[PDB]
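Enquirer: experimental structure and sequence below.
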Amino acid sequence: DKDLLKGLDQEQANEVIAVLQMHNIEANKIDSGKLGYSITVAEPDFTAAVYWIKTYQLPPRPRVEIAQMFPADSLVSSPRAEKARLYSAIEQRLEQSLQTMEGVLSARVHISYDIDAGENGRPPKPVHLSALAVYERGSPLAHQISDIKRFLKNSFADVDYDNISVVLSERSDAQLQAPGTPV
Amino acid sequence: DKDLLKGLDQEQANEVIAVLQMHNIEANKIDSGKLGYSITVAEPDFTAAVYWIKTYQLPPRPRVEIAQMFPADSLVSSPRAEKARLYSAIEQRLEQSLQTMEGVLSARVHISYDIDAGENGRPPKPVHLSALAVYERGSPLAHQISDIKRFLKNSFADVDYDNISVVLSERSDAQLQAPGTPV
Amino acid sequence: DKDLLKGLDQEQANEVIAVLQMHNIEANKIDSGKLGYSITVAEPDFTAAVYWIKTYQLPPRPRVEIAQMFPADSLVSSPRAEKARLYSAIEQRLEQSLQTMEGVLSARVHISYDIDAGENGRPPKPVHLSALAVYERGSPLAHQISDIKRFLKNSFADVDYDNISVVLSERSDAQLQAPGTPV
Amino acid sequence: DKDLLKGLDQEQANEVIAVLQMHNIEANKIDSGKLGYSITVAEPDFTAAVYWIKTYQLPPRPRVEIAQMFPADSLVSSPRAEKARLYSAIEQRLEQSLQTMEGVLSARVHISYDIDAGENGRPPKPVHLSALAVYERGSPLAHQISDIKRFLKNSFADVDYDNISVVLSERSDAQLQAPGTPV
Amino acid sequence: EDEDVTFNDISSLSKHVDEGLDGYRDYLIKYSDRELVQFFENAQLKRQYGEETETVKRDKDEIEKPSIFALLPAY
Amino acid sequence: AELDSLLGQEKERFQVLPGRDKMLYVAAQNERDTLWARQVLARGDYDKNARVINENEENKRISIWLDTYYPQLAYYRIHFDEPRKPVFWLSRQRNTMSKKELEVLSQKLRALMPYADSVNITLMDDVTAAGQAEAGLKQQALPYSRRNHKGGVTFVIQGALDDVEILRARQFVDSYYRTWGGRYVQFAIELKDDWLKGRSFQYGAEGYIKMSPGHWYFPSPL
Amino acid sequence: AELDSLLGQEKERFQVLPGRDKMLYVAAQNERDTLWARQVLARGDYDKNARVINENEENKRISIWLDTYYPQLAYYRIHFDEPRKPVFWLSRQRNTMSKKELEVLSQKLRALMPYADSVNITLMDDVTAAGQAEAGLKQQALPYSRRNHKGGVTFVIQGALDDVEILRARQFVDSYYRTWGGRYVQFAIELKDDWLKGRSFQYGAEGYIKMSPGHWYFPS
């Protein structure tokens, strides 16, 4: 067996395994503790596994949130930083709420940051919101966009239905059967 | 048996087990104490379990609350932080109150944090509210939205029925029968 | 026997037991002292117990009160904090008084926190109140809302009957018979 | 065997291997731990491997992100630096969101940094965006540009469809068969 | 210095002269506190007043037209 | 080890039919149950051939075949309440076929469905369908517009709807679609910042007159 | 070791056909499945000759051959619902051919497809195609413009479309294209900004827009 990757985290290993299995590549995950996880494959499948690791740019980078750029541990903060942390926490709490609706598997949400304005002697611009979500198979997407828009509209002081973008998609086919072992 | 996850918290473990059982995958929870819980499955079910853990982005993130961005341990406080903590405590106290209503299993509530403008000079804007809730089967949802709106309207100095969004859903079918063991 | 939960406190344990007994699941509470309480069930019931633990989001996290954000014990205080503590004490004293009325089993009360503006220079704004309460079976709810409104109206300098919302409900059927043990 | 490269990172090594396999060059990856990875090839293939390493300028540089020029571990931040970090985090969060759309394999996004002036004294300019994405084979690119534009338009306070550029491309042919070994 | 205007009455002249000062009024409004301005706007009158209601004029006129003597010390 | 013994304790949840092609067909009621069954097969607990089926998948598959061999047939839906004797609803006005042709069609459908013993063809009335649609809207008192075309009817519900209206609407629509399908009558629900909820008027010397339908709408200043 | 035993447990997910060229042809339904099959052959698990095929790839290959030997033939699409007997749709108006010519064409196609026993040629009506396109756009209540050209029809759908509209349109277009292909009827979706929001204007024969008091814009 040939080594593909070393020193992975748990979530990275599981994402890599999922992508290899989808293309019929049997892979193995090994745990070395302080050294992390290792992924191995057979020689007949090595070439393909390399090409897919390239194409998907695995392992995945960690998830990015705006509060990371303004660590709250600082001794000094401008109003701009505080306002940024606030918005970056509201975005997360809304994605956590959408995931509880009936049929939703996951969602992502974005808000228009206008904290780059100093707001000195100056009127505030209106808010804009965008959302993505994934649904279970057999869901009438057209009739479900309405609920999301209705729910989002009242979460802010000033939002117009015209200013809310919503994009929905269905789950792909289930990968239930195991890949075949090289002869 | 193959290892799916290690070092889980109790509340992460039980949510994983629930999601695997729903799809007919028999899973096992093991306790290592200071090392947390581990989840294991048989080989015939390994592939499916991997696919579901990816699709649902398991294990779940911990739950965000806005007070976490402005710890009361801070060495100093601006008005913006105090006002934020206040609103973040009112939201939680309202969700805890709504769960006591008849038939409600759980709910989530959101408020207009207009605090992002510290209201230097500028007058305040009116509040907007959003709520989600899940009901027991056989509940007349249409007749129950009225009660919620009535209840929320008077919890704030200035709210219009037009500014309150409410979304309701029923509990899914009960999972009572045990999954089948691989042959 | 399979372990559901460990390290519970007394109130969380009794809450879980109550919810499981309602659905005909025989459970056991074990005390480990400094390690807290543990809950266990039989294998035939493990699946169901998991599904209900998820559906009710057990164990219950503890009750929130606004004074917890602005803890009185501190080296320092500011007008906003003092005013907040004051309102958060009146709320609790009113709920404790309503539970003494005839037939009321429990109640919850909410007040409009105008303190999120300083009310300095800006003129202060009139108060809004909301209450929920549960009654013993066979109570004339319609005739009892009047008493509550009358009582609440005079607790504040300026309140109109129009600004007080009251929602009442009856106790559910009593769970007296014990669940059956798996065969 | 002749040495091509030493001291590579894992993600540099896999990119080199992928590019050599595409041109029918069999390569070997060796791990020396603290010394990194080494790449070796047979003599008949040495010339070609050298020419391709030149032509593609391998191994790849590390990935650049604007936040690296203005690290938060600094005693003072200008209003320019804070604003730059903000934009440089929004760019990354949008790229990671687009990667969740149906069929998208990878993407990149660019935003107009008006922060190259303070916007001191002058009012702010409107925002411009550009994006690139790769799709799975058999995707109607023409009909998918609309969705992307719609989604990006609402992420900012003021954007016109005229100011959004989108370029799409399909995945190349899969490299599945292994290269032949020199005679 | 604008030769195209015409007037008919003391009111029509007052309005046009007041309109001339809005360029300065706007600068003072930008750089001063709304509530202290409103306080002095009350204090010029309310020694006259038998009443507590203030809504009696809807804001859109008075918010634009605080007097200059009210704006100066607040600035 | 029969298949019924492997699916679970809730025996009644599933239905196993022998197919003429020497294969076992498991009829399910919904997606969740469908996956509960498919896991058993895909794990490989059963050795002979088997397949899982449900009404929505089969409606899609049969419509895709009709698209190729009968590209101009007007029809509504195929009902599988009794899976051994499906019922196929055709329009009376829009089709024109002889008894012989109907029989041939029947036999070709039977050849596509190896688990069904026969297919019953029933002629339904378009006016009836459309009337029930409009009656249900009025029964809910939803605001709406009706548009008629050669091939179909469209009902538009748009503007500043209220939560209670949205709920009722989605429930009704979802009920109707399960009976008649989405081929003849369409329902479009769109939220707009428009307080009049799609009504529109123009003012003139005689008073108001109603506007014609159109894409343009006046955002509510209120 | 037969090939069907190597493709998986889900036996009917794939279909194996014998080719007159002494080669096995695996018929797949989509790209993902195509790559699942191709991995087996590229790994070299099987020793005889085999090939993987699907409807879109075959439509492309056959159109490339027609481009060379029949550069003026008007046609729509080839359906492979029954892979042993494909159906080829030709335009009734835009072609003139004799029965002999049609037969010759049939035989040459059959020679290009060694897994098919025969090819059925069916003549379809352009008016029908165009009518089903317009009826579908009306049923979806999309705004559109129609342009007619000698050899084709173009529907332009442009403006400040809403999310619900974009979704409906995408679904519809993708449904139509899978039946008729993209040769005769074309759809163009074009999002653009709104000029009228918050402006006073006159509409009809003499319309113009008030950019602001004192500024008049006359469109073309």
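Expert: That came through fine. Residues are numbered from 1 along each chain as shown, chains lettered A, B, ... in the order given.

Enquirer: residue E:64: neighbour count?
Expert: 11 (other Cβ atoms under 10 Å in any protein chain shown). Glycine gets a C-beta too; all of them are placed from N, C-alpha and C.

Enquirer: do residue F:76 as well
Expert: 19.

Enquirer: is it correct that it is in contact with residue F:182?
Expert: No - in this structure, residue F:76 is not within contact of residue F:182 by Cβ atoms under 8 Å, at 9.6 Å.

Enquirer: chain center to stretch A:55-68: distance?
Expert: Offset of stretch A:55-68 from its chain centre (Cα atoms, centre = their mean, to the nearest Å): 9 Å.

Enquirer: kindly report the same for stretch E:64-75.
Expert: Per Cα atoms, centre = their mean, the displacement of stretch E:64-75 from the mean C-alpha position of its chain is 7 Å.

Enquirer: then stretch F:110-121?
Expert: On the basis of Cα atoms, centre = their mean, stretch F:110-121 sits 20 Å off its chain's mean C-alpha point.

Enquirer: now the residue of chain E found nearest chain A: closest residue in space that isn't a chain neighbour?
Expert: Distances between chain E and chain A by Cβ to the nearest Cβ are smallest at residue E:30, namely 5.1 Å. Counting by Cβ to Cβ, 6 or more residues apart in numbering or on different chains, residue E:30 lies nearest to residue A:121, which is 5.1 Å off, once chain neighbours are set aside.

Enquirer: gap between that neighbour and chain F?
Expert: According to Cβ to the nearest Cβ, to the nearest Å, residue A:121 and chain F sit 27 Å apart.

Enquirer: that residue contacts residue E:31, correct?
Expert: Yes - Residue A:121 lies in contact with residue E:31 (Cβ under 8 Å); the separation is 7.4 Å.

Enquirer: okay, now the domains of chain F?
Expert: The record's domain split for chain F, according to CATH domains of a matching chain, is F:1-53, F:54-124, F:125-194.

Enquirer: spell out which parts of chain E neighbour chain A.
Expert: Taking Cβ under 8 Å from any Cβ of the partner chain as the contact definition, chain E meets chain A at E:30-31.

Enquirer: state which one residue of chain E is found closest to chain B.
Expert: Going by Cβ to the nearest Cβ, chain B is nearest to residue E:34 of chain E, at 5.4 Å.

Enquirer: correct me, but that residue touches residue B:121?
Expert: Yes - contact criterion Cβ under 8 Å: residue E:34 and residue B:121 qualify, at 5.4 Å.

Enquirer: of these two, give the one with the bigger neighbour count.
Expert: residue E:34 (16 against 11).

Enquirer: quick one: contacts for that one?
Expert: Neighbour list for residue E:34: B:121-123 [criterion: Cβ atoms under 8 Å, 6 or more residues apart in numbering or on different chains].

Enquirer: repeat the analysis, applying 6 Å as the threshold.
Expert: Shown in contact with residue E:34 (Cβ atoms under 6 Å, 6 or more residues apart in numbering or on different chains): residue B:121.

Enquirer: ditto for the one 3 residues further on
Expert: Contacts here follow Cβ under 6 Å, 6+ apart; on that basis residue E:37 touches E:66, E:70, E:74.

Enquirer: please repeat the previous calculation with a cut-off of 7 Å.
Expert: E:66, E:70-71, E:74 (Cβ atoms under 7 Å, 6 or more residues apart in numbering or on different chains).

Enquirer: in a strand, it, correct?
Expert: No - per DSSP: H, G, I helix; E, B strand; the rest coil, residue E:37 lies outside any strand segment and is helix.

Enquirer: now it: how far from residue F:203?
Expert: Applying Cβ to Cβ, to the nearest Å, the value for residue E:37 to residue F:203 is 41 Å.

Enquirer: do the same with residue A:9
Expert: Residue A:9 is 67 Å from residue F:203, by Cβ to Cβ.

Enquirer: among these two, which residue is more densely surrounded?
Expert: Counted by other Cβ under 10 Å, residue A:9 and residue F:203 do not tie: residue A:9 has more neighbours, with 13 against 8.

Enquirer: and the residue nearest to the more buried one when sequence neighbours are not counted, how close does it get to residue A:10?
Expert: Leaving aside its chain neighbours, residue A:9 sits nearest to residue A:36 (6.8 Å; criterion: Cβ to Cβ, 6+ apart). Note on residue A:36: its distance to residue A:10, by Cβ to Cβ, is 9 Å.

Enquirer: picking that back up, want to throw the contacts of residue E:37 into CSV with neighbour count?
Expert: Listed next are the contacts of residue E:37 as CSV, based on neighbours: other Cβ atoms under 10 Å in any protein chain shown:
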residue, neighbour count
E:66, 19
E:70, 21
E:71, 20
E:74, 20
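
Enquirer: among the residues you listed, which are in helices?
Expert: Under the assignment DSSP state H, the contacts of residue E:37 contribute E:70-71, E:74 to helices.
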